[PDB]
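**Q** Please read through the structure below; I'll follow up with questions.
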Protein chains: 4
Amino acid sequence: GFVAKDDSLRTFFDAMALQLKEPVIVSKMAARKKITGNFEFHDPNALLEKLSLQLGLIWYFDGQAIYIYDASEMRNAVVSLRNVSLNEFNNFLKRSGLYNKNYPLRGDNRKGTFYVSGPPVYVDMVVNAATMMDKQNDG
Amino acid sequence: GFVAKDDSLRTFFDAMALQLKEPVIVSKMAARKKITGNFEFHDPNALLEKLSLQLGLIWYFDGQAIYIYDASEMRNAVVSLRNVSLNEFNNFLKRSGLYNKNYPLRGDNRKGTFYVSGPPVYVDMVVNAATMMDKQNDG
Amino acid sequence: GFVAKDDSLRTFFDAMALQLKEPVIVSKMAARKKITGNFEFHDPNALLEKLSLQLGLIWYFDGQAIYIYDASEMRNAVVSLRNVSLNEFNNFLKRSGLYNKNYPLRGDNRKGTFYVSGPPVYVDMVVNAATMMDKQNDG
Amino acid sequence: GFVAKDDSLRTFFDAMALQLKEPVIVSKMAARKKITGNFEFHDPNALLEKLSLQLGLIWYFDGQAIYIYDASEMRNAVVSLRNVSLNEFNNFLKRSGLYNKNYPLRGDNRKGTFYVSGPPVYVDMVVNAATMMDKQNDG
């Protein structure tokens, strides 16, 4: 695996990227911080979720690459959904493979809106998809 | 065949291109990465699909040349199909020889749209063809 | 005939042109590539079709000169034919001596269009002729 | 006659012009090519048709001068003939002395058009005459 001794997170996630196929893109904000410890590379994704609790990093795999950001870079959005059922759009993203259970969407079956919270690429994916799906049924 | 010892992918795919008739065009992003290993050239296409799992490369043969890109260069598109049946257009591309089973199109027989995902030339081919076929029946 | 020993295709097709009456015009893209082997000049046209399988060259004789291009220079076009039967225009070109069986036209007797594929001069000849014939019956 | 030993076609046709009354005008494209062989000047016109098969030269005598061009300089045209019968205009040119049996016009008695093919002066003569004759009966 890898023993980090005050090494940058970028160095650390590059060492993790050596065990991965897809590219790993670490934000500048995360790259500036350092990490120390003996980290077994049996499951790089478990390290990513581990540092959500240890350092406060968030990430999203979009199917082609792993984006790693600081949790303070997390984006929030308010998205109305007039022509699509809130449960229907949730299933749509789950069916699409875009939805991420680590960053749940905050809907309300008594209202016509929902909230998006997550890393910048996760938020952009949900919000763009929501726009597409609502306007698609607009007629 | 060819024994790669930290050689660029461009070098590697040029060595594969020596066994091929058509030109092989490797993206700059792929050309910058390197490859190591003993690769038998009994089937260059099997090496191309192999590196979809080993390195994360995608490709498309358009009938005249082989385009090789990084999987992160993969393009996505949202294409409506109002005047052509989704199954009819799928068969059209399969009949045309444009459709590629390695990059399936994502249709839905309960909706009037479908999604395109693949390397930049595969996406452009499907999307341009979709535009042609829909507008063609627009009247 | 001619023994090519790493000679340019232009040199090679010039040696073939010595046995021909009409001029042979080789593209720059083809001229840049080289060729090796003992080539009997008993039938220059058989060498031209041979290199469609060996090197991946395409060509067209327009009645006055032989155009030689790389297969990657091949052009494609989408041509509607509203006022002329698809079989009638096929026969027209066959009757005209413009049609080339090495580069078949892709029609469909259930539709009002057809596709053109071939070297740049073959495509331009079919497409210009198609325009002429359709507009000719437009009234 | 004249024994050509790698002499320009212009030199060669100048030697033929010495046996002719009318001037002989050779294109620059033809003038640049050379010719070798023992050519009897018993019939300069037979040499002109001979080189249509040997070198690929085309020519036209317009009554006042002999124009000699390369066959690749051959022009083609599409000419409609609305107010004159296709056979009537053919006879007109045959009667006029403009028509040349070495470069037949391509008519169709089931259509209202015909095609012109020949050296630049032959094509211009037929096409200008066609314009004259059609517009002449336009009323």
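**Q** Tell me which residues, restricted to region C:68-85, are more than 14 Å from chain B (Cβ to nearest Cβ) and either closer than 22 Å to B:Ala129 by Cβ or part of a loop (DSSP other than H, G, I, E, B) (or both).
**A** C:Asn83, C:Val84, C:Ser85
**Q** Identify the residue in region B:9-19 that is in contact with a strand residue (DSSP E or B) (Cβ under 6 Å, 6 or more places away or on another chain) and more than 12 Å from chain C (Cβ to nearest Cβ) and, among all such residues, is surrounded by the most Cβ atoms within 10 Å (Cβ to Cβ).
**A** B:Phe13
**Q** Within region D:52-67, how many residues are under 28 Å from D:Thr113 (Cα atoms), away from chain C (no Cβ under 12 Å) and either among the aliphatic types (A, V, I, L, M) or not in a strand (DSSP E or B) (or both)?
**A** Selection size over region D:52-67: 2.
**Q** If you scan region D:20-59, which residues turn out to be surrounded by 14 or more Cβ atoms within 10 Å (Cβ to Cβ) and farther than 18 Å from C:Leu20 by Cα?
**A** D:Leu20, D:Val24, D:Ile25, D:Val26, D:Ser27, D:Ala31, D:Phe39, D:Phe41, D:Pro44, D:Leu47, D:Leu48, D:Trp59
**Q** Looking at region B:1-50 only, could you name the residues that are free of Cβ contacts under 8 Å to residues at least 12 places away in the same chain and closer than 25 Å to A:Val24 by Cα?
**A** Across region B:1-50, the qualifying residues are B:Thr11, B:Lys28, B:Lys50.
**Q** Related question: Which ones in region D:86-104 are surrounded by 14 or more Cβ atoms within 10 Å (Cβ to Cβ), among the polar types (S, T, N, Q) and either free of Cβ contacts under 8 Å to residues at least 24 places away in the same chain or under 20 Å from C:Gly139 (Cβ atoms) (or both)?
**A** D:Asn90
**Q** Here is a check on your reading of the model: is A:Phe41 part of a loop (DSSP other than H, G, I, E, B) and either away from chain B (no Cβ under 14 Å) or closer than 22 Å to A:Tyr103 by Cβ (or both)?
**A** Against the criterion (part of a loop (DSSP other than H, G, I, E, B) and either away from chain B (no Cβ under 14 Å) or closer than 22 Å to A:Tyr103 by Cβ (or both)), A:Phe41 qualifies.
**Q** Separate question: May I ask you to list the residues in region B:53-69 that are under 11 Å from the mean Cα position of the chain (by Cα) and closer than 19 Å to A:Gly63 by Cβ?
**A** B:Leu57, B:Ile58, B:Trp59, B:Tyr60, B:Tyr69, listed by residue number.
**Q** Are any residues in region C:86-113 within 12 Å of another protein chain (Cβ to nearest Cβ) and either in a strand (DSSP E or B) or closer than 20 Å to C:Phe61 by Cβ (or both), and if so, which ones?
**A** If the condition is that a residue be within 12 Å of another protein chain (Cβ to nearest Cβ) and either in a strand (DSSP E or B) or closer than 20 Å to C:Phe61 by Cβ (or both), then C:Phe92, C:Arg95, C:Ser96, C:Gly97, C:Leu98, C:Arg106, C:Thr113 are the ones that fit.
**Q** For B:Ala4, state whether it is within 14 Å of chain A (Cβ to nearest Cβ) and in contact with a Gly (Cβ under 9 Å, 6 or more places away or on another chain).
**A** Here the answer is no, as B:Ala4 does not meet what is asked.
**Q** Out of all the residues in region C:114-139, which are outside any helix (DSSP H, G or I), among the small types (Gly, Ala, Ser) and in contact (Cβ under 8 Å) with a residue 12 or more places away in the chain?
**A** C:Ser117, C:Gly118
**Q** For region B:22-38, give me the residue count where each residue is assigned to a helix (DSSP H, G or I) and within 14 Å of chain A (Cβ to nearest Cβ).
**A** Total meeting the criteria: 2.
**Q** Just the residues that are touching a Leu at 6+ places or on another chain (Cβ under 9 Å) and farther than 20 Å from D:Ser8 by Cβ, please, taken from region D:62-78.
**A** The answer is D:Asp62, D:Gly63.
FYI the Cβ positions are ideal-geometry reconstructions off the backbone, even for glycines, and counts take in every protein chain you see. Every number in this text was worked out from the coordinates using simple rules, so none of it is lab data.
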